[PDB]
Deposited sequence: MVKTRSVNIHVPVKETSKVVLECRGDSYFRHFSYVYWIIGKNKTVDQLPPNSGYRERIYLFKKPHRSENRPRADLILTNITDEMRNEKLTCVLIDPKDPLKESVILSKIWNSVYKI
């Protein structure tokens, strides 16, 4: 059993939190994190990008927190990745699609 799952809020607020949870039977060696667009981890973004990541120190979890939200952020493809001893698993979301639904 291996999977990665994103929970998103049904509506935008001033502080938006996306919750990424992985599920992996490789208990000591599994983790999740976010990639913004094609290839930027949150660590790589310029300061005040509006993105913050909270990686929880097997059900690995990483929350992505969006503040001062722009249209670029609303339309950005946001990916959560599960890493473990097997091929990486990804799930993604574009918020404007959820919020405009």
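Stretches of the deposited sequence absent from the structure, as judged by C-alpha coordinates, are 1-3, 61-68, 113-116.
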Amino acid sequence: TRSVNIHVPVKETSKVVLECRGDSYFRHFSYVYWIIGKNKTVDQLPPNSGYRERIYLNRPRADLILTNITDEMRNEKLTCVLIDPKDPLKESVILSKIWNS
From here on, numbers count along this sequence of modelled residues.
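In this entry, 67-75 has the higher mean Cα B-factor, the comparison being between 67-75 and 29-37.
Comparing 77-85 with 20-28, the higher mean C-alpha B-factor in the PDB entry belongs to 20-28. Among all modelled residues in its chain, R59 ranks in the highest third by Cα B-factor.
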